[PDB]
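Note sheet for the following structure.
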Amino acid sequence: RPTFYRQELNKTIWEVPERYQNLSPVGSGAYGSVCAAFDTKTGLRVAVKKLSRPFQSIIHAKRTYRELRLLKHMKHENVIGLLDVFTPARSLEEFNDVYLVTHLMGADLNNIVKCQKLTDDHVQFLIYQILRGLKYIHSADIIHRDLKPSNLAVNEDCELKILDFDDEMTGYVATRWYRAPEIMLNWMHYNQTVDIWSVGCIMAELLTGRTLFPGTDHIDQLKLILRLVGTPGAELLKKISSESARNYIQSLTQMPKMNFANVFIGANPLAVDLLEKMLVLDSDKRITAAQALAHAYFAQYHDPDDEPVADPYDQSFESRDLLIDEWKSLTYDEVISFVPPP
Ligand SMILES: O=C1Nc2nc(N[C@H]3CC[C@H](O)CC3)ncc2CN1c1ccccc1Cl
């Protein structure tokens, strides 16, 4: 057991192993505050997230377990993984805090590309890495569900990692602009292809410097989407299990799909072709990450032998109802059994 020391970081008392030094706030994280630090044992700049009240409720305790389980599973260059997880607690009885450690990323995509049109080569590379990470994530039957520029971190080398797998979804907000229509409007049980829709939106924005579907609200956004991809056909309509949603869709005037070559004027014809394959209304028909990687647009980056898949991921716990202390004990076992990556 390492020796821990205490430090107050913005009215918060952090207790971390001595190996972590120079803790400095970098902002908020998903359900916890994040500090950048230097891991003297590995020489890595890391981000340390102290979870806020990890076990205050069943929902929080299960979310804490979920995040730890997911982070402990993700081992891929284009996905945020775990370098360390610790608690100053000496026993399950005293267990109350959880700290998660990851590589420190330089900036999120949003802050880098905001209002800026990128060069085709840069788009090729950024999207290639997103799809490579997605192939890995999807191979484990994991769906990201909230892919957007702010959840994509990049370093100075444009090296990219996917991270962070309602009032905040209302209005003119980027929190909803990259969502596939079927999840935005709860049309049906959605699959991993919702993530491909998000990549298409991100890719279009990198190419034009403009949000693809910057709706002022959910409906305005759907209209922007249908004007581009066309209103659904009978085949897709049958798949919208939500009768309410299906019924509203049917009230819209039919529109044929636009010519993407005339929307993305001047864009590489191959980028155009890939966008048309990702931004397909029917999720059953969207190109998969594995198929997209093999698309000619990524000819200069694709390598079938360097696009790994993940080990199987058991998420049977998602359908389990346990007590706070049971989720807490399962989380403790996962913290205690953690083995750092080489
Ligand atoms: O929340 C997180 N934020 C990060 N930020 C940066 N860099 C930021 C980018 C935005 C900039 O404004 C400040 C530095 N790098 C890595 C993470 C990792 N990270 C995380 C995810 C899951 C579990 C634990 C953690 Cl710490």
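Numbering starts fresh at 1 for the residues of each chain in the structure tokens, the chains themselves are lettered A, B, ... in the order given, and ligands are numbered from 1 as they appear.
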Taking only C-alpha atoms and all ligand atoms into account, produce a table as a Markdown table in which each residue of chain A with an atom at most 8 Å from an atom of ligand 1 appears once, together with its shortest atom pair and the distance in Å to one decimal, ordered by chain and rising number.
| residue | atom | partner | partner_atom_place_in_ligand_line | distance |
| --- | --- | --- | --- | --- |
| A:26 | CA | ligand 1 | 13 (C) | 5.2 |
| A:27 | CA | ligand 1 | 13 (C) | 6.9 |
| A:28 | CA | ligand 1 | 1 (O) | 6.8 |
| A:29 | CA | ligand 1 | 1 (O) | 3.9 |
| A:30 | CA | ligand 1 | 1 (O) | 5.9 |
| A:32 | CA | ligand 1 | 1 (O) | 7.8 |
| A:33 | CA | ligand 1 | 1 (O) | 7.7 |
| A:34 | CA | ligand 1 | 26 (Cl) | 5.6 |
| A:35 | CA | ligand 1 | 26 (Cl) | 7.4 |
| A:36 | CA | ligand 1 | 14 (C) | 7.4 |
| A:46 | CA | ligand 1 | 16 (C) | 6.9 |
| A:47 | CA | ligand 1 | 26 (Cl) | 4.3 |
| A:48 | CA | ligand 1 | 26 (Cl) | 4.4 |
| A:49 | CA | ligand 1 | 26 (Cl) | 4.2 |
| A:50 | CA | ligand 1 | 26 (Cl) | 8.0 |
| A:67 | CA | ligand 1 | 23 (C) | 7.5 |
| A:71 | CA | ligand 1 | 23 (C) | 7.0 |
| A:80 | CA | ligand 1 | 21 (C) | 6.7 |
| A:81 | CA | ligand 1 | 22 (C) | 7.6 |
| A:82 | CA | ligand 1 | 23 (C) | 7.2 |
| A:99 | CA | ligand 1 | 24 (C) | 7.9 |
| A:100 | CA | ligand 1 | 24 (C) | 4.8 |
| A:101 | CA | ligand 1 | 26 (Cl) | 5.3 |
| A:102 | CA | ligand 1 | 26 (Cl) | 5.3 |
| A:103 | CA | ligand 1 | 16 (C) | 5.4 |
| A:104 | CA | ligand 1 | 15 (N) | 3.7 |
| A:105 | CA | ligand 1 | 15 (N) | 3.4 |
| A:106 | CA | ligand 1 | 7 (N) | 5.1 |
| A:107 | CA | ligand 1 | 9 (C) | 3.9 |
| A:108 | CA | ligand 1 | 9 (C) | 5.1 |
| A:111 | CA | ligand 1 | 12 (O) | 7.7 |
| A:153 | CA | ligand 1 | 9 (C) | 6.3 |
| A:163 | CA | ligand 1 | 21 (C) | 6.1 |
| A:164 | CA | ligand 1 | 21 (C) | 5.8 |
So that I have them on file, write out the residues from the current selection with N, CA and C atoms, as a short mmCIF file (atom, residue, chain, number, x, y, z; two decimals), in the first residue's frame.
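Output contents, as saved in out-v3.cif:
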data_model
loop_
_atom_site.label_atom_id
_atom_site.label_comp_id
_atom_site.auth_asym_id
_atom_site.auth_seq_id
_atom_site.Cartn_x
_atom_site.Cartn_y
_atom_site.Cartn_z
N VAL A 26 -8.06 21.14 -13.69
CA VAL A 26 -8.14 21.37 -15.13
C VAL A 26 -9.61 21.51 -15.50
N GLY A 27 -10.47 21.34 -14.51
CA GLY A 27 -11.88 21.48 -14.77
C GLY A 27 -12.69 20.32 -14.23
N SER A 28 -13.89 20.18 -14.77
CA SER A 28 -14.81 19.13 -14.37
C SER A 28 -14.71 17.91 -15.29
N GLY A 29 -15.14 16.76 -14.77
CA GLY A 29 -15.13 15.54 -15.55
C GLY A 29 -16.50 14.92 -15.36
N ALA A 30 -16.74 13.78 -15.99
CA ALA A 30 -18.03 13.11 -15.84
C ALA A 30 -18.19 12.61 -14.41
N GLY A 32 -17.24 14.05 -11.52
CA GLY A 32 -16.08 14.23 -10.66
C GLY A 32 -15.19 15.35 -11.15
N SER A 33 -14.36 15.87 -10.27
CA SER A 33 -13.44 16.92 -10.67
C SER A 33 -12.13 16.29 -11.12
N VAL A 34 -11.51 16.93 -12.09
CA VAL A 34 -10.27 16.44 -12.66
C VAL A 34 -9.10 17.38 -12.41
N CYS A 35 -7.96 16.78 -12.07
CA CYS A 35 -6.73 17.51 -11.83
C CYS A 35 -5.70 16.90 -12.73
N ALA A 36 -4.83 17.74 -13.26
CA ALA A 36 -3.74 17.25 -14.08
C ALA A 36 -2.67 16.99 -13.00
N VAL A 46 -0.73 12.93 -16.27
CA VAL A 46 -1.97 12.20 -16.15
C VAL A 46 -3.07 13.12 -15.72
N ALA A 47 -4.29 12.63 -15.88
CA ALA A 47 -5.45 13.36 -15.47
C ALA A 47 -5.95 12.49 -14.32
N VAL A 48 -6.30 13.11 -13.22
CA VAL A 48 -6.78 12.35 -12.09
C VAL A 48 -8.19 12.84 -11.79
N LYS A 49 -9.14 11.93 -11.83
CA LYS A 49 -10.50 12.30 -11.50
C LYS A 49 -10.91 11.74 -10.15
N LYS A 50 -11.30 12.61 -9.23
CA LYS A 50 -11.79 12.14 -7.94
C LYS A 50 -13.32 12.13 -8.14
N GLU A 67 -18.52 2.77 -14.77
CA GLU A 67 -17.40 3.53 -15.31
C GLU A 67 -16.10 2.79 -15.07
N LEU A 71 -13.81 1.49 -18.06
CA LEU A 71 -12.45 1.99 -18.15
C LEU A 71 -11.42 0.88 -17.96
N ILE A 80 -9.81 6.29 -24.36
CA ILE A 80 -9.25 6.55 -23.05
C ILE A 80 -9.29 5.30 -22.21
N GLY A 81 -8.16 4.97 -21.61
CA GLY A 81 -8.09 3.80 -20.76
C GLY A 81 -7.64 4.18 -19.36
N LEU A 82 -7.48 3.19 -18.50
CA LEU A 82 -7.09 3.46 -17.14
C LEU A 82 -5.61 3.17 -16.88
N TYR A 99 -10.49 7.22 -7.09
CA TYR A 99 -9.79 8.14 -7.97
C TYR A 99 -9.42 7.35 -9.22
N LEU A 100 -9.61 7.96 -10.37
CA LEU A 100 -9.30 7.31 -11.65
C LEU A 100 -8.20 8.12 -12.33
N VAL A 101 -7.21 7.41 -12.84
CA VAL A 101 -6.09 8.03 -13.48
C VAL A 101 -6.01 7.61 -14.96
N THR A 102 -5.80 8.58 -15.83
CA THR A 102 -5.68 8.36 -17.27
C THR A 102 -4.58 9.27 -17.82
N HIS A 103 -4.21 9.06 -19.08
CA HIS A 103 -3.24 9.93 -19.75
C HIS A 103 -3.85 11.33 -19.79
N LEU A 104 -3.02 12.37 -19.69
CA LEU A 104 -3.53 13.75 -19.78
C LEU A 104 -3.56 14.11 -21.28
N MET A 105 -4.71 14.54 -21.78
CA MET A 105 -4.81 14.92 -23.19
C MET A 105 -4.65 16.43 -23.27
N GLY A 106 -4.19 16.94 -24.41
CA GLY A 106 -3.98 18.39 -24.53
C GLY A 106 -5.19 19.30 -24.69
N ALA A 107 -6.15 18.88 -25.50
CA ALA A 107 -7.31 19.71 -25.73
C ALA A 107 -8.39 18.81 -26.32
N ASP A 108 -9.63 19.28 -26.29
CA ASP A 108 -10.68 18.50 -26.91
C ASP A 108 -10.86 19.10 -28.31
N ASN A 111 -12.51 22.63 -28.99
CA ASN A 111 -11.67 23.81 -28.78
C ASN A 111 -10.59 24.03 -29.84
N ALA A 153 -10.47 13.90 -27.54
CA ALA A 153 -9.33 14.68 -27.10
C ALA A 153 -8.20 14.38 -28.06
N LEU A 163 -13.26 9.65 -25.47
CA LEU A 163 -13.53 9.55 -24.04
C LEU A 163 -14.99 9.82 -23.69
N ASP A 164 -15.26 9.83 -22.38
CA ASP A 164 -16.58 10.05 -21.82
C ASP A 164 -17.67 9.28 -22.54
#
- Query: Excluding same-chain residues fewer than 4 positions from residue A:178, what lies within 12 Å of it counting only C-alpha atoms, as a ChimeraX atom specification?
  - Reply: /A:145-151,169,173-174,182-184,194-205,211-215,218,221-222,225,279
Written file, previous selection with C-alpha atoms, as a PDB file, in the first residue's frame:
ATOM      1  CA  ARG A 145     -23.704   6.960 -27.531  1.00  0.00           C
ATOM      2  CA  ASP A 146     -22.423  10.486 -26.991  1.00  0.00           C
ATOM      3  CA  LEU A 147     -19.739  11.014 -29.588  1.00  0.00           C
ATOM      4  CA  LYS A 148     -19.193  14.693 -30.249  1.00  0.00           C
ATOM      5  CA  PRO A 149     -16.227  17.036 -30.689  1.00  0.00           C
ATOM      6  CA  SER A 150     -16.033  17.757 -26.952  1.00  0.00           C
ATOM      7  CA  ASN A 151     -15.577  14.014 -26.172  1.00  0.00           C
ATOM      8  CA  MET A 169     -30.364  18.425 -24.465  1.00  0.00           C
ATOM      9  CA  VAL A 173     -26.911  23.034 -27.999  1.00  0.00           C
ATOM     10  CA  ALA A 174     -24.008  20.935 -29.228  1.00  0.00           C
ATOM     11  CA  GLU A 182     -33.246   7.327 -33.791  1.00  0.00           C
ATOM     12  CA  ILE A 183     -31.667   8.033 -30.384  1.00  0.00           C
ATOM     13  CA  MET A 184     -32.453  11.775 -30.401  1.00  0.00           C
ATOM     14  CA  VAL A 194     -25.733   5.487 -33.795  1.00  0.00           C
ATOM     15  CA  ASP A 195     -22.032   6.158 -33.314  1.00  0.00           C
ATOM     16  CA  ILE A 196     -21.421   6.100 -37.109  1.00  0.00           C
ATOM     17  CA  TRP A 197     -24.063   8.796 -37.531  1.00  0.00           C
ATOM     18  CA  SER A 198     -22.126  10.964 -35.046  1.00  0.00           C
ATOM     19  CA  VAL A 199     -18.863  10.420 -36.952  1.00  0.00           C
ATOM     20  CA  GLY A 200     -20.572  11.571 -40.172  1.00  0.00           C
ATOM     21  CA  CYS A 201     -21.684  14.790 -38.431  1.00  0.00           C
ATOM     22  CA  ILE A 202     -18.224  15.366 -37.012  1.00  0.00           C
ATOM     23  CA  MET A 203     -16.589  14.646 -40.363  1.00  0.00           C
ATOM     24  CA  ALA A 204     -18.905  17.070 -42.203  1.00  0.00           C
ATOM     25  CA  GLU A 205     -18.080  19.782 -39.648  1.00  0.00           C
ATOM     26  CA  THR A 211     -22.109  22.384 -37.648  1.00  0.00           C
ATOM     27  CA  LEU A 212     -23.912  19.947 -39.975  1.00  0.00           C
ATOM     28  CA  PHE A 213     -27.282  19.886 -38.182  1.00  0.00           C
ATOM     29  CA  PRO A 214     -27.253  22.868 -35.744  1.00  0.00           C
ATOM     30  CA  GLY A 215     -30.928  22.574 -34.830  1.00  0.00           C
ATOM     31  CA  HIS A 218     -35.103  18.547 -31.561  1.00  0.00           C
ATOM     32  CA  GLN A 221     -32.810  19.470 -36.078  1.00  0.00           C
ATOM     33  CA  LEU A 222     -34.765  16.570 -37.515  1.00  0.00           C
ATOM     34  CA  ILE A 225     -31.489  16.079 -41.179  1.00  0.00           C
ATOM     35  CA  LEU A 279     -25.374   9.565 -43.046  1.00  0.00           C
TER      36      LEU A 279
END
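Atom CA of residue A:121 is positioned 16.4 Å from atom CA of residue A:292.
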- Message: Please identify the alpha helix (DSSP H) residues within stretch 91-177 of chain A (assignment by DSSP from backbone atoms) and present them as a PyMOL selection string.
- Response: chain A and resi 109-113+120-139+174-177
- Message: Would you pick out the contacts of stretch 185-192 of chain A at 7 Å or less, using only C-alpha atoms, so that residues sharing its chain but fewer than 5 positions from it are not included, and give the list as a ChimeraX atom specification?
- Response: /A:138,143,240-242,245
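Residues in contact range of residue A:142, defined as at most 10 Å between only C-alpha atoms, with sequence neighbours fewer than 2 positions away removed, read residues 70, 134, 135, 136, 137, 138, 139, 140, 144, 145, 165, 191, 192, 310, 312, 313, 314 and 315 of chain A.
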Export of the given selection (N, CA, C and O atoms) as a PDB file, in the first residue's frame:
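Below is the file that was written, selection-v7.pdb:
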ATOM      1  N   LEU A  70     -15.943  -0.257 -17.403  1.00  0.00           N
ATOM      2  CA  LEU A  70     -15.679   0.140 -18.782  1.00  0.00           C
ATOM      3  C   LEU A  70     -14.247   0.591 -18.947  1.00  0.00           C
ATOM      4  O   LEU A  70     -13.549   0.131 -19.859  1.00  0.00           O
ATOM      5  N   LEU A 134     -13.644   3.171 -32.722  1.00  0.00           N
ATOM      6  CA  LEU A 134     -15.003   2.666 -32.734  1.00  0.00           C
ATOM      7  C   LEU A 134     -15.054   1.191 -33.123  1.00  0.00           C
ATOM      8  O   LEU A 134     -15.835   0.437 -32.562  1.00  0.00           O
ATOM      9  N   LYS A 135     -14.230   0.767 -34.078  1.00  0.00           N
ATOM     10  CA  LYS A 135     -14.211  -0.658 -34.442  1.00  0.00           C
ATOM     11  C   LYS A 135     -13.919  -1.481 -33.173  1.00  0.00           C
ATOM     12  O   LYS A 135     -14.583  -2.488 -32.888  1.00  0.00           O
ATOM     13  N   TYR A 136     -12.925  -1.033 -32.412  1.00  0.00           N
ATOM     14  CA  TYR A 136     -12.544  -1.701 -31.158  1.00  0.00           C
ATOM     15  C   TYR A 136     -13.708  -1.697 -30.176  1.00  0.00           C
ATOM     16  O   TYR A 136     -14.145  -2.761 -29.693  1.00  0.00           O
ATOM     17  N   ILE A 137     -14.250  -0.514 -29.898  1.00  0.00           N
ATOM     18  CA  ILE A 137     -15.359  -0.399 -28.957  1.00  0.00           C
ATOM     19  C   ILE A 137     -16.549  -1.271 -29.376  1.00  0.00           C
ATOM     20  O   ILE A 137     -17.120  -2.004 -28.560  1.00  0.00           O
ATOM     21  N   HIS A 138     -16.906  -1.214 -30.656  1.00  0.00           N
ATOM     22  CA  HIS A 138     -18.051  -1.976 -31.141  1.00  0.00           C
ATOM     23  C   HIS A 138     -17.845  -3.490 -31.132  1.00  0.00           C
ATOM     24  O   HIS A 138     -18.805  -4.262 -30.930  1.00  0.00           O
ATOM     25  N   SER A 139     -16.602  -3.917 -31.314  1.00  0.00           N
ATOM     26  CA  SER A 139     -16.291  -5.349 -31.312  1.00  0.00           C
ATOM     27  C   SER A 139     -16.560  -5.951 -29.936  1.00  0.00           C
ATOM     28  O   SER A 139     -16.719  -7.162 -29.817  1.00  0.00           O
ATOM     29  N   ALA A 140     -16.639  -5.113 -28.901  1.00  0.00           N
ATOM     30  CA  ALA A 140     -16.914  -5.612 -27.549  1.00  0.00           C
ATOM     31  C   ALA A 140     -18.388  -5.429 -27.239  1.00  0.00           C
ATOM     32  O   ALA A 140     -18.821  -5.569 -26.083  1.00  0.00           O
ATOM     33  N   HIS A 144     -20.838   3.850 -27.779  1.00  0.00           N
ATOM     34  CA  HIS A 144     -20.427   5.084 -27.090  1.00  0.00           C
ATOM     35  C   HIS A 144     -21.641   5.934 -26.725  1.00  0.00           C
ATOM     36  O   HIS A 144     -21.811   6.299 -25.560  1.00  0.00           O
ATOM     37  N   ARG A 145     -22.491   6.208 -27.714  1.00  0.00           N
ATOM     38  CA  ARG A 145     -23.704   6.960 -27.531  1.00  0.00           C
ATOM     39  C   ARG A 145     -23.626   8.469 -27.382  1.00  0.00           C
ATOM     40  O   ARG A 145     -24.656   9.116 -27.450  1.00  0.00           O
ATOM     41  N   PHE A 165     -17.612   7.958 -22.466  1.00  0.00           N
ATOM     42  CA  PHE A 165     -18.654   7.162 -23.092  1.00  0.00           C
ATOM     43  C   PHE A 165     -19.988   7.589 -22.451  1.00  0.00           C
ATOM     44  O   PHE A 165     -19.944   8.242 -21.369  1.00  0.00           O
ATOM     45  N   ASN A 191     -28.650   0.612 -32.181  1.00  0.00           N
ATOM     46  CA  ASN A 191     -27.464  -0.221 -32.231  1.00  0.00           C
ATOM     47  C   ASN A 191     -26.204   0.628 -32.256  1.00  0.00           C
ATOM     48  O   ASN A 191     -26.246   1.843 -32.155  1.00  0.00           O
ATOM     49  N   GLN A 192     -25.079  -0.036 -32.428  1.00  0.00           N
ATOM     50  CA  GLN A 192     -23.814   0.660 -32.431  1.00  0.00           C
ATOM     51  C   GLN A 192     -23.724   1.652 -33.585  1.00  0.00           C
ATOM     52  O   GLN A 192     -22.904   2.558 -33.545  1.00  0.00           O
ATOM     53  N   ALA A 310     -11.544  -5.840 -29.599  1.00  0.00           N
ATOM     54  CA  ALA A 310     -11.488  -5.998 -28.157  1.00  0.00           C
ATOM     55  C   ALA A 310     -11.820  -7.388 -27.650  1.00  0.00           C
ATOM     56  O   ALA A 310     -12.426  -8.195 -28.350  1.00  0.00           O
ATOM     57  N   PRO A 312     -13.947  -9.848 -25.275  1.00  0.00           N
ATOM     58  CA  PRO A 312     -15.380  -9.845 -24.953  1.00  0.00           C
ATOM     59  C   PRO A 312     -15.606  -9.025 -23.680  1.00  0.00           C
ATOM     60  O   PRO A 312     -14.788  -9.068 -22.770  1.00  0.00           O
ATOM     61  N   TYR A 313     -16.708  -8.289 -23.628  1.00  0.00           N
ATOM     62  CA  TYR A 313     -17.026  -7.457 -22.479  1.00  0.00           C
ATOM     63  C   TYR A 313     -18.358  -7.890 -21.864  1.00  0.00           C
ATOM     64  O   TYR A 313     -19.421  -7.711 -22.447  1.00  0.00           O
ATOM     65  N   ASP A 314     -18.281  -8.446 -20.662  1.00  0.00           N
ATOM     66  CA  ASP A 314     -19.458  -8.945 -19.969  1.00  0.00           C
ATOM     67  C   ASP A 314     -20.187  -7.800 -19.285  1.00  0.00           C
ATOM     68  O   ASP A 314     -19.726  -7.293 -18.263  1.00  0.00           O
ATOM     69  N   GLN A 315     -21.330  -7.397 -19.825  1.00  0.00           N
ATOM     70  CA  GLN A 315     -22.073  -6.336 -19.200  1.00  0.00           C
ATOM     71  C   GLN A 315     -23.370  -6.852 -18.606  1.00  0.00           C
ATOM     72  O   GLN A 315     -24.347  -6.116 -18.450  1.00  0.00           O
TER      73      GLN A 315
END
- Any idea what the distance is between atom CA of residue A:330 and atom CA of residue A:95? 11.7 Å
- Task: Find the residues near residue A:324: any atom within 10 Å, counting only C-alpha atoms, skip ones fewer than 5 places away on the same chain, and give them as a PyMOL selection string.
- Result: chain A and resi 55-62+329-330
Selected residues written out, C-alpha atoms, as a JSON list (two decimals), in the first residue's frame:
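Heads up, here's the output in again.json:
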[["chain", "number", "residue", "atom", "x", "y", "z"],
["A", 55, "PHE", "CA", -21.83, 5.76, -3.50],
["A", 56, "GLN", "CA", -24.42, 8.29, -2.41],
["A", 57, "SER", "CA", -27.16, 6.26, -4.07],
["A", 58, "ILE", "CA", -27.82, 3.00, -5.89],
["A", 59, "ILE", "CA", -27.77, 4.84, -9.18],
["A", 60, "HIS", "CA", -24.47, 6.53, -8.40],
["A", 61, "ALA", "CA", -22.90, 3.38, -6.96],
["A", 62, "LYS", "CA", -23.88, 1.41, -10.07],
["A", 329, "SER", "CA", -18.22, -4.14, -2.74],
["A", 330, "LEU", "CA", -18.13, -5.06, -6.47]]
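Running DSSP on the backbone and keeping only strand (DSSP E), the residues of stretch 60-245 of chain A that qualify are residues 84, 85, 86, 99, 100, 101, 102, 103, 107, 108, 152, 153, 154, 160, 161 and 162 of chain A.
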- Name all residues at most 8 Å from residue A:283 (count only C-alpha atoms; drop same-chain ones fewer than 2 positions away) and give them as a VMD selection string. chain A and resid 191 193 to 194 280 to 281 285 to 286
Next, the residues of the selection above should be written as a PDB file, in the first residue's frame with C-alpha atoms.
ATOM      1  CA  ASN A 191     -27.464  -0.221 -32.231  1.00  0.00           C
ATOM      2  CA  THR A 193     -24.497   2.439 -35.723  1.00  0.00           C
ATOM      3  CA  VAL A 194     -25.733   5.487 -33.795  1.00  0.00           C
ATOM      4  CA  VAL A 280     -27.961   7.022 -44.022  1.00  0.00           C
ATOM      5  CA  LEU A 281     -31.231   7.423 -42.268  1.00  0.00           C
ATOM      6  CA  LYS A 285     -27.943   0.332 -43.796  1.00  0.00           C
ATOM      7  CA  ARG A 286     -25.229   2.611 -42.436  1.00  0.00           C
TER       8      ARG A 286
END
Find the residues around residue A:263 up to 12 Å (only C-alpha atoms counted), leave out those fewer than 5 positions away in its own chain, and share them as an mmCIF file with C-alpha atoms, in the first residue's frame.
data_model
loop_
_atom_site.group_PDB
_atom_site.id
_atom_site.type_symbol
_atom_site.label_atom_id
_atom_site.label_comp_id
_atom_site.auth_asym_id
_atom_site.auth_seq_id
_atom_site.Cartn_x
_atom_site.Cartn_y
_atom_site.Cartn_z
ATOM 1 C CA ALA A 204 -18.905 17.070 -42.203
ATOM 2 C CA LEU A 207 -14.733 19.574 -43.738
ATOM 3 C CA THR A 208 -16.836 22.770 -43.718
ATOM 4 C CA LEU A 212 -23.912 19.947 -39.975
ATOM 5 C CA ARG A 227 -33.704 17.893 -45.909
ATOM 6 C CA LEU A 228 -30.249 16.391 -46.426
ATOM 7 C CA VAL A 229 -30.902 12.614 -46.321
ATOM 8 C CA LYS A 257 -32.145 12.928 -50.599
ATOM 9 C CA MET A 258 -29.995 15.869 -51.689
ATOM 10 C CA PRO A 269 -15.386 12.956 -53.982
ATOM 11 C CA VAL A 272 -18.514 12.754 -50.170
ATOM 12 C CA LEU A 275 -20.514 10.747 -45.848
ATOM 13 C CA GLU A 276 -23.346 9.363 -47.991
#
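Across the structure, atom CA of residue A:127 and atom CA of residue A:206 are spaced 9.2 Å apart.
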